[PDB]
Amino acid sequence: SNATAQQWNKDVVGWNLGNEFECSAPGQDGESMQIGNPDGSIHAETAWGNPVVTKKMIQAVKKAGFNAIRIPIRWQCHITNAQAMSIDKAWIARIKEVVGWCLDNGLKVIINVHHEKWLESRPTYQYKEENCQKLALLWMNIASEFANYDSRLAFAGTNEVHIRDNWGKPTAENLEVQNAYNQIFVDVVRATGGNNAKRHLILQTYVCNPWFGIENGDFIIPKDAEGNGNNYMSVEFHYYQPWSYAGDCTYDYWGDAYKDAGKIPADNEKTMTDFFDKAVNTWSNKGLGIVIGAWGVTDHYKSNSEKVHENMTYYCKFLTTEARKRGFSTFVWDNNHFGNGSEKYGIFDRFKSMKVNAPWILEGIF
C-alpha cells in the first residue's frame, strides 16, 4: 500500500524502455524547446526508429529476470495548451496501457519527465519562474492522472538537467534552479493526496551526475510532507562510469581482474565501491533511497569480441551486485542499437521477437 523508498528499491534490478516514449515528435529536432501538440505526435514512439511497444515485449523483459521497468517519457510535444500544460488525452491513455502491461506482469514502474528540453536546457534565473510554473502544472496533471495506481508505480520528477552541450559542474545559479525543480515536484505531487501522499518519489542530481550532488550538500534533500521525513524519497543518478569504459570506447577492458587482457582505466573495482560507500554515507544513512536510473556498457571491441564480452559480463555482475547489497535499485539502459561503438546499448532486438542479441549483459546481471 505504502512502501518506503528503501523497501521499494530493495533487490530491484530493472530495465529501461529506451528511445520509445521520450522521442521527440515525428520529424522534430530533439533539442527543440517548443511546447505543443503537432499532428502525428501521438505516434512519436516510432520517431527514433524503434517499434510500437507491445505486451509481448514487456513479458520478454520479465522472463529475462528483470523485476522493474523504467519508462522514459517526453511531454513537451503532447501538450494541448501551453499555458496550462494540459496533456493530450490519447497520450495519457497510451502511457497507461504500457504501465498496465508492466503492472499486470509483476513489474515495478518508474515514469518520469525525460528530454523535456524547455526544462532541462534552461536552468537559469532568466527562465526559473516560467520553468517552475510549467513543471508544477505538468506534474499536477501527471500525478492526478496516475493517482490511483498503487505503490509499485514511482514518479521520477526530471531526468538530465544541464545547459546544452555542457556536461561540466553546474554553477551556483544552475544548482539553485535545478534543486528548485526537485522541491516543486515533491510539493505538487504530495498536494494531490491519496496514493500520492506516500508514493515513492525519485529526485535527480544535476545532469544525473552523482559527483555534482554528493559533495557539500550540492544536492538539497527536499522537505517532504509532515511525518514522511526522508523515507519516501530517493536520490537518482546515472552511472556510466568510468566514462572511458562504457561510454566513449577509450578502453576495451576494465578492472584489476582483467589487467592481463589489455589496458584498463585508472578507475577500478575499488574506486566504484568507494563511491557507492560514499553515497550510502551521504544519502542512504539519512533514510533516502538510491536509484541508479541508468547504467550500461556500450558494445565495443577493437580485436577480440569474446574476451571483451567476458569482461563486460564481469563489469555488469560487479556493478549490479555491489549496488544490490547496499539497497540500491539499478536500471540498465537499452536503446535497441547493436554494433561496435557509441550508443550501442541494445540488449534485446525489438524487431525480432525480443531475441537476446547481447547475452553477455544478461549473464552479468542474473
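Start at 1 and count along the sequence shown; that's the residue number.
Averaging C-alpha B-factors over each stretch, which comes out higher, 348-356 or 12-20? Looking at the record's C-alpha B-factors, the answer is 348-356.
Averaged over C-alpha atoms, is the B-factor higher for 329-337 or for 298-306 in this PDB entry? Averaging CA B-factors over each stretch, the winner is 298-306.
Sort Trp75, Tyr181, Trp254, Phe146 by C-alpha B-factor from the entry and give me just the highest. In this record, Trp254 carries the highest C-alpha B-factor of the candidates.
Per the coordinate record, which of the options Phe185, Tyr245, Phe155, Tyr232 holds the highest CA temperature factor? Checking the PDB record, the top C-alpha B-factor among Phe185, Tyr245, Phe155, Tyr232 is at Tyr245.
Sorting the chain's modelled residues by C-alpha B-factor, tell me whether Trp101 ends up in the lowest, middle or highest third. For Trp101, whose C-alpha B-factor we compare with every modelled residue in the chain, the answer is the highest third.
Select lowest, middle or highest to describe the third in which the CA B-factor of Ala5 falls within its chain in this entry. Lowest third.
Lowest, middle or highest third - CA B-factor, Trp91: Ranked within chain, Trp91 CA B lands in the middle tercile.
Is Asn112 in the lowest, middle or highest third of its chain when residues are ranked by C-alpha B-factor? As the PDB entry reports it, the C-alpha B-factor of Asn112 lands in the lowest third of its chain.
Within-chain third of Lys259 by Cα B-factor, per the entry: Ranked within chain, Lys259 CA B lands in the highest tercile.
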